[PDB]
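The primary structure of each chain is shown beneath.
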Amino acid sequence: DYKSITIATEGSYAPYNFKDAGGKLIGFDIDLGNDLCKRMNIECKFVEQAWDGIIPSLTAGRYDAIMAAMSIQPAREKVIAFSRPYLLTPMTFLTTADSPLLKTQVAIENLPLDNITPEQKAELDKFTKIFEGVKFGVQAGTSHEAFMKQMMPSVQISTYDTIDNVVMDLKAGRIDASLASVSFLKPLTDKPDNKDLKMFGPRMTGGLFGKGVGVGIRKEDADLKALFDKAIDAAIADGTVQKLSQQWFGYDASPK
Ligand SMILES: C[C@@H](N[C@@H](CCCNC(=N)N)C(=O)O)C(=O)O
Ligand SMILES: [Cl-]
Ligand SMILES: [Cl-]
Ligand SMILES: [Cl-]
Ligand SMILES: [Cl-]
Ligand SMILES: [Cl-]
Ligand SMILES: [Cl-]
Ligand SMILES: [Cl-]
């Protein structure tokens, strides 16, 4: 059935999906998308779509798939189907190198949120108390915003159209902190450009964040999902996902 497909991406989330000097779409999602389509024997075409409206445009049939650093989270699973994860990454916090937030002790280094034990709640409640009075910035319509609204409601948040504006305002001093995956924050903080920025706090997984990043497909497209899952399994097994992860992220975030 599928001879050619249209894949949507945002183009504002480096190193997953962004634009080069000549304005062409580049990144991990573009390289993986093209490699998966070569395996599937499907012609590949990448389109730019803003984050707000990326899910409704998929359901409306404007394109066939989404490859835009999209977590397989339970709220999204109610609307669209996902492929098996092509990348696994926890979530962490971001601040400036001079922030007093960096002197706060982390009791639980890795925080799994599917089940929240009293000890895990105590750690989340500690950070909530510390984050009150502190200005937070998040990209709108992400699991970052969902986390802040559900798990830390007492904390003041500002929502941004893109993650680039969040980073811009954090450097300008208009916000004091943020949150994203380690897959986004490690290559951002590894840059000598961003020596003034630091990752801090616990590394969270599960709950509302779900498990991994997957390809977004329509629920009625069961055959396209099966094709993507077979292609992803083969790309993981031969070391392609590991090779592309080292290239774009500077570390191995591929599933095992
Ligand atoms: C991996 C990535 N996932 C977030 C943010 C992705 C936003 N993607 C985009 N702007 N293209 C999410 O699915 O809510 C992250 O937490 O860092
Ligand atoms: Cl491209
Ligand atoms: Cl093949
Ligand atoms: Cl799975
Ligand atoms: Cl431990
Ligand atoms: Cl190769
Ligand atoms: Cl290459
Ligand atoms: Cl590594």
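Reading the values: rules and limits
Residues numbered from 1 in each chain as written, not as in the entry; some residues may be left out. Chains lettered and ligands numbered in written order. Heavy atoms only, no water. Buried < 20%, exposed > 50% of the residue type's maximum accessible area, 1.4 Å probe, protein only. Helix = DSSP H or I, 4+ residues; strand = E, 2+ residues; numbered from the N terminus. Contact = heavy atoms within 4.5 Å. Polar contact = N/O pair within 3.5 Å; in protein donor to acceptor, adjacent residues only side chain to side chain. Pairing = 2+ DSSP bridges. Disulfide = S-S within 2.5 Å. UniProt positions renumbered as here; feature names shortened; annotations may be inferred. Axes fitted to C-alpha atoms, helices over the stretch in contact; angles between N-to-C directions. Parallel < 35°, antiparallel > 145°, perpendicular 65-115°, else oblique. Left-handed = near helix turned anticlockwise from the far one by under 90°. Nonpolar A, V, L, I, M, F, W, Y, C, P; charged D, E, K, R; others polar. Near = heavy atom within 4 Å. Areas by Shrake-Rupley, 256 points an atom, 1.4 Å probe, with all protein chains shown as cover. Domains from an automatic or database assignment.

### Side note on helix α7 (residues 182-190)
- Within α7, seven of the nine residues are buried, which leaves the element mostly enclosed by the surrounding structure.
- Here α7 has its buried residues at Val182, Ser183, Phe184, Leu185, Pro187, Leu188 and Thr189.
- Close packing links the buried residues of α7 with β7 (91-96), α6 (163-172), β11 (177-181), β12 (197-205) and α9 (240-249).

### Description of the side chain of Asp221
- Within the secondary structure, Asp221 is located in the loop between β13 (216-217) and α8 (222-237).
- Polar side-chain contacts of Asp221 include one of 3.2 Å to the side chain of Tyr2.

### Things to note about the pairing of strand β9 (residues 136-139)
- Of the two faces of β9, the one carrying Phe136 and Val138 and the one carrying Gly137 and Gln139 are both buried.
- Two elements, β9 and strand β10 (residues 157-160), share four bridges in a ladder whose sense is parallel. In the strand pairing of β10, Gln139 is matched with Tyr160.

### Quick look at the UniProt feature "disulfide bond" in the chain
- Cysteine pair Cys37 and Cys44, annotated in UniProt as disulfide-bonded: S-S separation 3.8 Å, at or above the 2.5 Å cut-off, and the bond is accordingly regarded as not formed.
- Secondary-structure assignment places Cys44 in strand β4 (residues 43-48).

### As for the packing of helix α1 (residues 28-40) against α9
- It is at 10 Å that the axes of α1 and α9 come closest, and there the two elements cross at 160 degrees. Judged on the interaxial angle alone, α9 and α1 are roughly antiparallel. Two packed elements cross with a definite hand, and for α1 against α9 that hand is right-handed. Across the interface between the two elements, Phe28, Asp31, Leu32, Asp35 and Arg39 of α1 pack against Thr240, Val241, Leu244, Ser245, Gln247, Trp248 and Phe249 of α9.
- Taken together, the residues of the contact of α1 with α9 sort by class into six nonpolar, three polar and three charged.

### Observations concerning the packing of α1 against α8
- One can describe the packing of α1 onto α8 by two numbers: an axis separation of 9 Å at closest approach and a directional angle of 110 degrees. With respect to each other, α1 and α8 are oriented roughly perpendicular. Contacts between α1 and α8 involve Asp35, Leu36, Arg39 and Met40 from the former and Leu227, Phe228, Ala231, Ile232, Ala234 and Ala235 from the latter.
- Residue classes in the contact of α1 with α8 are distributed as eight nonpolar, no polar and two charged.

### A word on the site of ligand 1
- In the region of ligand 1, 17 residues are neighbours, and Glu10, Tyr13, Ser143, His144 and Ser181 sit closest.
- The side chain of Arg76 places a nitrogen or oxygen atom 2.9 Å from an oxygen atom of ligand 1.
- Between an oxygen atom of ligand 1 and a main-chain N or O atom of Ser143, the distance comes to 2.8 Å.
- For ligand 1, whose accessible area on its own is 450 Å², the fraction buried by protein is 100%.
- Here the shell around ligand 1 spans two domains, and each of domain 1 (1-89 + 209-256) and domain 2 (90-208) adds at least three residues to it.

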